[PDB]
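Report on the structure given below.
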Amino acid sequence: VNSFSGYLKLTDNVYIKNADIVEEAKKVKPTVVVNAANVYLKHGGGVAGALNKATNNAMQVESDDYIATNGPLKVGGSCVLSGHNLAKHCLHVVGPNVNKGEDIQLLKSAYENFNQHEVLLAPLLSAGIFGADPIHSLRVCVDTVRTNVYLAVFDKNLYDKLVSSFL
Ligand SMILES: O=C(O)c1ccc2c(c1)OCO2
């Protein structure tokens, strides 16, 4: 049994809810929250900007030190950093950004990072300002992630379309 409430069960391991990822993290304090990161861990907008704002910029300060030591992530890659006030850990995952011309086949590689964590609160990778089709992102998630994933969707309209169209 876990703390996650109000989710729609899609499969054995994937759950979905219309919720503010920030507000959901603050309520649950999950072991892992996933950030929709870029390779530079520059948390300007979208999910990343919202998560970072909720940490009062501590996520960005920590991320800048990580990049200064390790250099950029790979598209499809990830790193584990602090979850600050939101979670124990933040898994920063880089999905391909279609608005930069990145290979959408890297979306599966991105979701494979979730399999290193038994339970996660996450957004749909490469959705929103990353430019991919969220219906496609949900399909790759279900067909890739084997661990227990609780997906938070920012828009009620998109949430309802994802559920109605789910095979
Ligand atoms: O919370 C936000 O401001 C935000 C902004 C962009 C998003 C999102 C959340 O879900 C995925 O796309």
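Whatever order the structure lists them in is the order used to number ligands and atoms, beginning at 1. Values below: every heavy atom of this structure, side chains too, minus hydrogens, waters and symmetry copies. Numbering of residues begins at 1 and proceeds along the displayed sequence.
- For the pair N113 (side chain) and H92 (backbone), a donor-acceptor distance under 3.5 Å is absent.
- Between the side chain of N52 and the main chain of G44, no donor-acceptor pair closer than 3.5 Å is present.
- Residue-level proximity to ligand 1 for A50 is carried by the side chain, the only part with a heavy atom below 4.0 angstrom.
- What sits closest to atom 6 (C) of ligand 1 on the protein, heavy atoms only, is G46 CA, 3.3 Å.
- What sits closest to atom 9 (C) of ligand 1 on the protein, heavy atoms only, is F154 CG, 3.6 Å.
- In terms of modelled atom types and a separation under 3.5 Å, the side chain of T31 and the main chain of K88 share no donor-acceptor contact.
- No donor-acceptor pair under 3.5 Å is formed between the side chain of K26 and the backbone N or O of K29.
- Evaluated by nearest non-hydrogen atom to atom 10 (O) of ligand 1, the leading choice among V47, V153, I21, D20 is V47.
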